[PDB]
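Taken in order, the sequence shown gives residues 23 to 205, 222 to 406; the numbers are from the deposited numbering.
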Amino acid sequence: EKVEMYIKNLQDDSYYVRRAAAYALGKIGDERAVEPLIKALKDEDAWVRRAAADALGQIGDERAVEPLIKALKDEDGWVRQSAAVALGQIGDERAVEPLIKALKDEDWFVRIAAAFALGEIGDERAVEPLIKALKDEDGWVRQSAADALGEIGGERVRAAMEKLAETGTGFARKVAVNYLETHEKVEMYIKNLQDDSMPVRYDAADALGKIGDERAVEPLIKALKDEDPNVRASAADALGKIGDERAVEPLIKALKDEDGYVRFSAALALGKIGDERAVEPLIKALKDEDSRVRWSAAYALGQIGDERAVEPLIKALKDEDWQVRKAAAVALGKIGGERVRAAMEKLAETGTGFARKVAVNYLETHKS
Ligand code: NA
């Protein structure tokens with residue numbers, strides 16, 4: 023209930039309250055705040071855009087990716103840097119080619135952020151550009167590419183480190199020689231899913247989801263029954279990104295978890311998967327104790343597009359929570375059947391307040 027003031031305060035005329043919203047959404051915000059924070063990225067204030075990138079990466083939702091890739095071409099250097107670090111933290115491979123370009127950014131601190139990003143994604147296409155980055159004019163940029171080659175650490179790395187220790191000059195040489203003096223991936227993380235330490239399990243689920251390999255499905259389904267709810271919810275998100283339809287049934291079981299964040303993550307995942315069998319259980323999740331879960335239920339039913347949620351969403355237009363209503367209105371928009379039209383005209387004439395207001399609007403939008 024702190025979140026919704028900030029979400030609304032994201033479109034406020036004042037540029038001082040936009041900043042405090044974005045700032046706070048960086049600390050508190052969750053998946054509900056990405057579509058708004060994605061819009062915040064188009065602001066006039068560079069502080070609002072920056073803080074919005076900062077938060078999108080902290081939230082870590084894949085929808086922020088094509089937007090943050092455009093924010094990499096922002097006029098403000100510190101907004102470019104935020105966009106780079108955020109793509110870093112989301113771990114989506116589509117950022118790699120444009121993060122490589124940012125590796126030659128006019129500003130030193132942007133190059134550092136691009137190097138770090140490329141390190142954290144661990145895609146191998148960055149190894150050569152990263153190796154070329156060791157000869158950058160700025161020592162700190164060179165140092166950041168060193169650390170990013172370390173993070174990736176493939177055989178492509180060791181290959182380039184050998185060639186450099188054999189042949190290179192200056193810092194690049196120093197780095198390669200030290201590399202030698204001190205010294222596939224999916225399978226390591228699947229094993230880490232079964233680790234005793236909780237952070238190792240969590241990070242494993244995080245990792246497998248970003249990687250997106252279908253190997254990880256059956257082990258992540260198992261992590262849905264994890265001791266710890268943070269791990270439980272990470273494995274659900276990861277299953278959502280992977281998109282493998284084998285998680286559908288065990289995800290429907292996560293819709294009845296003790297933890298609200300696991301339930302929330304399970305529903306968002308089922309909408310991404312888009313399988314019809316989530317419709318019934320998601321409909322029953324629009325009546326949840328938790329206003330986040332009720333939101334995710336509407337959103338996912340939006341993604342799925344099945345007409346059996348029309349009236350449960352109409353009902354959801356009168357939810358106590360503001361943005362659950364907003365989500366249900368969006369969802370009826372996506373579905374958009376001949377059914378939805380007829381429901382909306384009834385609601386135009388007989389509705390009250392918010393539900394009436396969006397029933398009127400829907401009808402205005404769908405005319406030509
Ligand atoms: Na900022």
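Backbone N, C-alpha and C fix where the C-beta goes; we use that ideal spot for every residue, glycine too.
- A Cβ-Cβ distance of about 6 Å is found for the pair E146 and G176, placing them in contact under the 8 Å criterion.
- Looking at the backbone, the Cα of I373 and that of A347 are separated by about 9 Å.
- Taking C-beta separations shorter than 6 Å and ignoring five residues to either side along the sequence, the partners of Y201 in its chain run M183, following chain order.
- Within 7 Å of the C-beta of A73 there is at least one heavy atom belonging to ligand 1.
- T390 carries a coil assignment under DSSP once its states are collapsed to helix, strand and coil.
- In this structure, DSSP gives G281 a state outside helix and strand, which the three-state scheme calls coil.
- In this structure, DSSP gives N31 a state outside helix and strand, which the three-state scheme calls coil.
- Of the residues assessed, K223 falls on the exposed side of the cut-off, its CB having fewer than 16 other CB atoms within 10 angstroms.
- Apart from the 5 residues on each side of it in sequence, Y37 sits with its Cβ closer than 6 Å to the Cβ of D67 in its chain, given in chain order.
- Around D96, the same chain offers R102 as residues with beta carbons nearer than 6 Å, after the five sequence neighbours per side are excluded.
- Between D244 and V398, the alpha-carbon positions lie close to 42 Å from each other.
- Relative to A155, the option among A139, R315, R133 and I174 whose CA is nearest is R133.
- For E184, the uninterrupted alpha helix (DSSP H) run begins and ends at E177 to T189, by DSSP.
- The beta carbon of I122 sits closer than 8 Å to the beta carbons of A136, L140, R147, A148 and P151 from its chain, once the five residues preceding and following it are set aside; these are given in chain order.
- With a minimum length of 4 residues, the unbroken runs of alpha helix (DSSP H) contained wholly in the segment 55-90 fall at 56-62 and 68-81.
- Distance from the C-beta of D35 to the nearest heavy atom of ligand 1 is not below 7 Å.
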